[PDB]
Amino acid sequence: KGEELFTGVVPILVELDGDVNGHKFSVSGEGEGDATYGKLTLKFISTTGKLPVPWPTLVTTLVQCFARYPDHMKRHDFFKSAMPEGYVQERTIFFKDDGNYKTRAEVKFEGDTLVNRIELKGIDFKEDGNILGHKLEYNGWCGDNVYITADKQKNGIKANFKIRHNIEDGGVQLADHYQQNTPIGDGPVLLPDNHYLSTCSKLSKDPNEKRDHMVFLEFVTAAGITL
């Protein structure tokens, strides 16, 4: 049972190779996840200089297998059921009146470490916009809930949710997320009934870190199934 792999605290490593408007960047992340509490503590750094995009826009791209599914919902945890072989998480993130991210990630166990290896490609972004212009507040947020649906054709799931990035001088930058997860292995996975993940994140800085970075705390919990 892939859920048995998450009983305690599990170390995490994240790798992101990015390309926004032809400008490349790389982020390395590490930390740990505690699925019993749906808690994630992660630190991310840029290894290629100041990022061309704001950190909050990469939060969702940079491990839903660490969501806490209550006992009455554990039948619907596709993410852990696909472990240790893992799953492929793909997204298209449409930033309103701006460009879009297209991400492909592999979330799997490499030893005793849960690894998230990401390729990201962004196009059609505006220099005088909120993303390339770095006009987004540096702060976490809650929601919108990650609404998950079963995709029996792909033996996986799909998810849809909107992100509302606070704009520094008032306003919000909408980011429409469309998601699809498919297992890497051939083992039987859990296809869930409709439900959602509730997410609240906290972004902060390390006073001793000199590279462009993001200290990240997150709680993710599953809900939406009655009784």
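Structural notes, computed from the coordinates.

### A short note on the overall build of the protein
Along the protein, the regular secondary structure elements total 2 helices and 11 strands. Starting at the N terminus and ending at the C terminus, the protein contains elements arranged as β-β-β-α-α-β-β-β-β-β-β-β-β.

### Notes on the pairing of strand β1 (residues 9–20)
Across 12 bridges, β1 lies against strand β2 (residues 23–34) in antiparallel orientation. In the sheet register, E15 faces β2, and the bridge partner there is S28. Joining the antiparallel neighbours β1 and β2 is a turn of 2 residues, in which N21 adopts a positive phi near 55 degrees.

### Things to note about the sheet that holds strand β4 (residues 87–95)
Reading around the circumference, β1-β2-β3-β11-β10-β7-β8-β9-β4-β5-β6 is the order of the 11 strands in this closed barrel, with mixed pairing throughout. Taken over all neighbouring pairs, the strand axes of this sheet differ in orientation by 20 degrees on average, direction set aside. Bridge count between strand β8 (residues 156–166) and strand β9 (residues 172–183): 10 bridges; the pairing is antiparallel. Pairing of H165 across the sheet is with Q173, part of β9.

### So, unusual backbone geometry
Going from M83 to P84, the amide bond is cis rather than trans, its omega being 5 degrees. Within the element layout of this structure, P84 appears in the loop between α2 (78–81) and β4. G143 connects to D144 through a cis peptide bond whose omega is 0 degrees. Mapped onto the fold, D144 is located in the loop between β6 (113–123) and β7 (146–151). Here the phi dihedral of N21 falls at roughly 55 degrees; this positive angle occurs in a residue that is not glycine. On the secondary structure map, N21 appears in the loop between β1 and β2. Of note, the phi angle at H134 is positive, near 50 degrees, even though the residue is not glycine.

### Examining the state of the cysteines
For the structure shown, the criterion picks out 1 disulfide. A sulfur-sulfur distance of 2.0 Å marks the disulfide that ties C142 to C200. Measuring handedness by torsion sign, the sulfur bridge of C142 and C200 sits at about 115 degrees and is right-handed. Of the two residues, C142 is situated in the loop between β6 and β7 and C200 in strand β10 (residues 195–204); the sequence distance between them amounts to 58 residues. Classification of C142 by relative accessible area gives exposed; the value is 52%. A relative accessible area of 33% places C200 in the partly exposed class. No disulfide involves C65; its sulfur sits 19 Å from the nearest other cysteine sulfur, which is in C200. With a relative accessible area of 0%, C65 lands in the buried category.

### Quick notes on the packing of aromatic side chains
Between two aromatic rings, the relevant description is the distance of the centres plus the angle of the planes. Under the criterion given, the structure shown has 11 aromatic pairs. An angle of 75 degrees between the planes, with centres 6.1 Å apart, marks the rings of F78 and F79 as edge-to-face. Ring centres of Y101 and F125 lie 5.2 Å apart, and the angle between their planes is 45 degrees; on these two criteria the pair is classed as tilted. Taken together, the positions of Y101 in strand β5 (residues 100–110) and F125 in the loop between β6 and β7 put the pair 24 residues apart, joining distant regions of the chain. On the basis of relative accessibility, which here comes to 0%, the residue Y101 falls in the buried class. What makes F125 buried here is its relative accessible area of 7%. Taken together, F6, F66 and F109 form an aromatic cluster joined through their ring pairs. Across the ring face of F6, the terminal group of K80 is positioned such that the distance to the ring centre comes to 5.6 Å. Above the plane of the ring of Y138 lies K205, whose end atom (NZ or CZ) is 4.1 Å from the centre.

What counts, and at which threshold
- Residues numbered from 1 in each chain as written, not as in the entry; some residues may be left out.
- Heavy atoms only, no water.
- Residues with missing side-chain atoms left out of burial classes, pairs and counts.
- Helix = DSSP H or I, 4+ residues; strand = E, 2+ residues; numbered from the N terminus.
- Pairing = 2+ DSSP bridges.
- Axes fitted to C-alpha atoms, helices over the stretch in contact; angles between N-to-C directions.
- Disulfide = S-S within 2.5 Å.
- Buried < 20%, exposed > 50% of the residue type's maximum accessible area, 1.4 Å probe, protein only.
- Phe/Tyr/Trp six-rings, centres within 6.5 Å; stacked < 30°, edge-to-face > 60°.
- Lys NZ or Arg CZ within 6 Å of the ring centre and 35° of its normal.

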